[PDB]
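Quick heads-up: the structure tokens below are two forms of one chain, split into structure 1 and structure 2.
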Structure 1
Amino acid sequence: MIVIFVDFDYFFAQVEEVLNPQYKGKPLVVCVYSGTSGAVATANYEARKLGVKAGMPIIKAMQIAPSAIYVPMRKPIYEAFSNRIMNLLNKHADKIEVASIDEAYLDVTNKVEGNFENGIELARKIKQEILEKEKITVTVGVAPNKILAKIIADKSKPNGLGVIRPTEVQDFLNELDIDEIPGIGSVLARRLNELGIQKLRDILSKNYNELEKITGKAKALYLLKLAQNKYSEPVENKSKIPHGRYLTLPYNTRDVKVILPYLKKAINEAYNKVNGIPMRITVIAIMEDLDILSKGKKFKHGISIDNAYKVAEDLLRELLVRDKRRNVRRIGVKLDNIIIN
């Protein structure tokens, strides 16, 4: 299997520099507020050079970058920019999994006829295209599987091209750190460092139940199949970007006949946002006191709007059976696990 992972470099900052050519070459900080407190979404090259990084509060960012331009996040525009690129990728892939707004896995096995060198060249073709057509730099990773593809891209940021060849995968799996693995963050790394597991190879020698006691069976077998080079799971035609919609109600209420006019509208604005068929719907009721009450059906296959209305109804008609106490202030829907066709 040949998989190309495309990751977009500091996407929001790059989109802003594109629409606003006078930002280039000068510090730029994209900001994000909540339901208020400001933090850094992304920062451009010269901002990052000053030490500005994601999560940083806005006052703090200002202290170290007073000359920066701070602009508000504009999700809709970044989402549309992403979509054009996702569609560019689509023309090249047997299968494409949209992981998030700036990440996508491409199965190109058939496109390059199993030729790994032709896989590498296609990934070069793709960077050059994204740059030419959309003026964005991306980092790609070409690898025998999804996880390795992500890991090698991560290792080659920014504007890079990471390669792991099937005829050399064992040397990569020998030198691979335990911390450099998806699913292993800063806490789980420390606890594996409590057995003398720094690298991936180490687990093969360790007793299997102890790893399970530190990670759970799900990640235990996950790390094993990786170290053993038996991780298989393919790329499906599915988008992981969630599409949702919320409407404030004219007043706090618990009457289904009152809130449904607004839920139908919520589903409307969501399904019309989709292109594909969601494998999960989530009804989200925000209460008077601003507490959250959500329930979803994980559909084996997909859900159409024709199926969705009464599926979303008895979701709420259960949310209220679950909460006879409080009134709904705001109603929202969430569609995700979308099947691509």
Structure 2
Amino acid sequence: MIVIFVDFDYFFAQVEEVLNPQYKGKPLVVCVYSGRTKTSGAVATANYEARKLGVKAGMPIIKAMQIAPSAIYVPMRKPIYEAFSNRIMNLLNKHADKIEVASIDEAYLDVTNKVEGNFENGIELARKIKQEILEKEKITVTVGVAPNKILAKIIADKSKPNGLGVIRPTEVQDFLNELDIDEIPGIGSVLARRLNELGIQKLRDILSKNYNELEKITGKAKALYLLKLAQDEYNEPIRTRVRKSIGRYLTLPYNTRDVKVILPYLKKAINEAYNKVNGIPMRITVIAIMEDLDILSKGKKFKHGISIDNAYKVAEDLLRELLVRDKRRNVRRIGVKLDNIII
């Protein structure tokens, strides 16, 4: 198998540069503002100029503004980045036997037949793909070329930005012989530090570690994964991916326990959730983030589909029950998720 992983450098920020080229070459920060205050919100992404100054994704806006006061701080415009993504994935689809859009930001392309098994022509094709995306969309990306999904991802993320990582089948075993656990996709930090500390620094340290004592720490799934992965027996095929849930989340104007206050926001969240869902959900979940950013959720799955008018009533009840089991804390953010969807 010959897999080409595609990963769009500093995506949101870079789209903001394509739309406003005055922003290029200077620190730019793409923020999600909640509307509580002028600065309340979070860093979605930043160009590398801003990252040099210490701006990191996930960080509060005000905190980025401490270390990078002169950066350009722009609000996130997800619909546009979505459109950009769509067009780019469409470009990719024409090159692959199969494409797996892992998300708005990245995708895997099985090019095996396309390049007729010739891995080198696979690399060349990857160059053509980078070139084409650059020509048409003015977006730079990083590419991984490898004999599987995971390796392609790993060599990609090790090559950012604007990179072209390659792991020829010749080199695979050597790459696995010297690969840290924290460098594996799907292994946490809570999980990484355990393995790392409690014996298993690198991947090969799994081939010789009584399977069970590993299964204790990771679980059956992850242990099986890491095992076949280390054994060079991971092969997972490229599969078209199907959305399983849609959620909409709102920051309330002010913290409160009063359902009567939260409800119109919860309804609003329900409305554009349903407005965007592609089917009927069998399960509705209410998500409430508390003052201290603790997350409570209460959901209900039905034997049938849930209409929107019904969702209002169900969700109100679920919310009322969340605030029966907490009794003390105020809600800061309200959210709703539609799951188990019938297309």
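Counting starts at 1 and follows the sequence of structure 1. In this text, the rigid core denotes the largest set of C-alpha atoms whose superposition between the two forms falls within 1.5 Å. Shifts are known only where both forms have a C-alpha.
- When both forms sit on the same rigid core, the CA shifts between the two structures reach 2 angstroms or more only at 263 out of 192, 143, 104, 263.
- Core-superposed comparison between the two structures: the C-alpha position of residue 52 differs by less than 2 Å.
- When two forms of a protein are overlaid on their rigid core, residues whose CA moves 2 Å or more are considered shifted, and residue 219 is not one of them between the two structures.
- In the core-superposed comparison between the two structures, residue 208 has its Cα shifted by less than 2 Å.
- Overlaying the rigid core between the two structures leaves the Cα of residue 273 displaced by 6.8 angstrom.
- Here the rigid core is superposed, and residue 170 then shows its C-alpha moved by 0.5 angstrom between the two structures.
- Once the core is fitted, the segments that move between the two structures, counting only runs of three or more residues with each CA displaced by at least 2 angstroms, are 33-35, 193-195, 246-340.
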